[PDB]
Amino acid sequence: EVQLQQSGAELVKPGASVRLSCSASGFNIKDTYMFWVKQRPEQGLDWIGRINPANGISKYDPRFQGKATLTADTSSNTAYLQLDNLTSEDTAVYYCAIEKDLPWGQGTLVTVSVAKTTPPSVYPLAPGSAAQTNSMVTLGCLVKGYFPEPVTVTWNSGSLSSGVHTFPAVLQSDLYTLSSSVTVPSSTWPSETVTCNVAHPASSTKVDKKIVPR
Amino acid sequence: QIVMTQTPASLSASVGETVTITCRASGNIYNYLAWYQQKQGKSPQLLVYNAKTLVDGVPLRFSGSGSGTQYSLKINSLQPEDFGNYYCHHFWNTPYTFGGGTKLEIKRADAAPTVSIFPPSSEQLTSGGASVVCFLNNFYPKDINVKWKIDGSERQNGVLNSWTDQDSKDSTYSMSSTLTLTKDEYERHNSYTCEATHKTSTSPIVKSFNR
Ligand SMILES: C[C@]12CC[C@@H]3c4ccc(O)cc4CC[C@H]3[C@@H]1CC[C@@H]2O
């Protein structure tokens, strides 16, 4: 299929440089004008540059001229973006795209920071003993004390889709805290089994904490 | 360089409502513009390019228009899934500047927060901290305040609140209020309380546990 895959997310200390690799599949970049976009946490879309892989002449927005470098090789269609002297003002989601009707890349998150990577402790949120029998109940998972973004919280390995709510983690002393709830009928709980599964790639840690009554 | 100024900054309209988002260019961009819809956490979606041209698969309700410096996107018969951010992309020349983005909320009939309170997790206790969580699911409008009555007196020291985006269907929100205490502080108090005062009931929604 005709689609682009960007590199994995990376954690970089301030000052260093990153080479992001956007791999296109199903077509050839030597015949497409590629460009990149920046997006700060909660902020807008910034145009970083543009490039024609064939010859290699790239145009940039003056703002990024001093740190962004669009480079592309046809040998493997892998477009690159080198970011020099990284500062916090760079921590953002960088997208890869082509100047045509083809969906952008999934974006590569570049988290510029000094904080060492830490695995999330997931805590099961079960009711403190209240008449739960009432149509449906609501239990949750509180994942906290982890860095860096992102993480993956799912209920019963994707089985539980409806009624799941995951909240955009919040920073604190450089650590994050995120939570998720699930509304399952009074029936499935606790006759059935329901547990959240949270995965944190950056630490190669995955975890299953069983939601059992107190 | 051609700077793009888009308006309105934030917006709200109900299902079925025709809307018009506008992007005005400092210099004539000769129809070289494109509108993108970015739903939270996802990648921009191309809706319209070359001024009026709509992408394949994009629902006929999304209309694009404009001329010279003024360009407008018109979403006729608004639908619940049309919420999110919208940007305009100029590419008459470099740099291909973006617009400021338009926020879009979906007007829906008010709904009240289904409050739930969960005392600290059995395990967490041993670490030396205790987060009492209260989930207030499926309400609207986002305008809402919860308060933490510790035992008798009021608490507001050390609380994290987060709101999800609008649901794909019921356009409702949700909030995760977390009062993070320390083992001892939690061990020296009983009736922790989550009082939700929302614009739907003069009598506040109250859920609490006694320990
Ligand atoms: C990629 C853009 C949207 C898609 C546009 C397109 C879309 C289809 C096509 O056949 C040609 C072009 C040329 C310019 C492209 C634009 C350049 C700026 C914008 O982001």
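Residues numbered from 1 in each chain as written, not as in the entry; some residues may be left out. Chains lettered and ligands numbered in written order. Heavy atoms only, no water. Residues with missing side-chain atoms left out of burial classes, pairs and counts.

A short note on the pairing of strand β17 (residues 195-200) of chain A
All names here are of chain A.
So, step 1. With respect to burial, β17 is a largely interior element, six of its six residues being buried.
So, step 2. Along β17, one buried face is formed by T195, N197 and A199 and the opposite face, lined by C196, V198 and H200, is buried too.
So, step 3. Examined bridge by bridge, strand β14 (residues 152-155) and β17 share four bridges and lie antiparallel to one another. Directly across from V153, in β17, lies its bridge partner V198. (Buried < 20%, exposed > 50% of the residue type's maximum accessible area, 1.4 Å probe, protein only. Helix = DSSP H or I, 4+ residues; strand = E, 2+ residues; numbered from the N terminus. Pairing = 2+ DSSP bridges.)

Re the domain arrangement of chain B
Residues and elements named next belong to chain B.
So, step 1. Each assigned domain of chain B is listed here: domain 1 (1-108) and domain 2 (109-211).
So, step 2. Computed over C-alpha atoms only, the centres of domain 1 and domain 2 are separated by 37 Å.
So, step 3. Contact residues are listed per partner, giving nine residues for domain 1 and 12 residues for domain 2.
So, step 4. The contact between domain 1 and domain 2 buries some 910 Å² in all, and 41% of this surface belongs to carbon and sulfur atoms.
So, step 5. By the criterion of area lost to domain 2, the three top residues of domain 1 are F83, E105 and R108, representing 68% of everything that side buries.
So, step 6. Taken together, the connections running from domain 1 to domain 2 amount to zero salt bridges.
So, step 7. Summed over the shared surface of domain 1 and domain 2, the number is seven residue pairs in polar contact. (Domains from an automatic or database assignment. Contact = heavy atoms within 4.5 Å. Buried area = accessible area lost by both parts, 1.4 Å probe. Salt bridge = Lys/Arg side-chain N within 4 Å of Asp/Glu carboxyl O. Polar contact = N/O pair within 3.5 Å; in protein donor to acceptor, adjacent residues only side chain to side chain.)

A word on unusual backbone geometry
So, step 1. The linkage connecting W189 of chain A with the following residue, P190 of chain A, adopts the cis geometry, with an omega of 0°.
So, step 2. Relative to the helices and strands, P190 of chain A is located in helix α2 (residues 188-191).
So, step 3. Of note in this structure, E42 of chain A is not a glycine but carries a positive phi near 70°.
So, step 4. Inspection of the secondary structure puts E42 of chain A in the loop between β4 (34-39) and β5 (45-47).
So, step 5. With a phi close to 40°, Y30 of chain B is a non-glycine residue in the positive phi region.
So, step 6. Relative to the helices and strands, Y30 of chain B is located in the loop between β3 (19-25) and β4 (33-38).
So, step 7. Given the relative accessible area of 47%, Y30 of chain B is considered partly exposed.

Quick word on the pattern of salt bridges
So, step 1. On inspection of all chains with the given rule, the structure shows 10 salt bridges over all chains.
So, step 2. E123 of chain B is paired through a salt bridge with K209 of chain A; the nearest N and O atoms lie 3.6 Å apart. A residue pair is termed interchain when its members come from two chains, as with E123 of chain B in the loop between β11 (114-118) and β12 (129-137) and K209 of chain A in strand β18 (residues 205-210).
So, step 3. Where salt bridges share partners, they join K38, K67 and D90 of chain A into one cluster.

Quick look at the domain arrangement of chain A
Residue and element names in this part refer to chain A.
So, step 1. For chain A, the domain assignment lists domain 1 (1-114) and domain 2 (115-213).
So, step 2. Distance from the C-alpha centre of domain 1 to the C-alpha centre of domain 2: 33 Å.
So, step 3. Across the boundary between the two partners, domain 1 contributes six residues, which contact six residues of domain 2.
So, step 4. Considered class by class, the residues forming the side of domain 1 that touches domain 2 number three nonpolar, two polar and one charged. (Nonpolar A, V, L, I, M, F, W, Y, C, P; charged D, E, K, R; others polar.)

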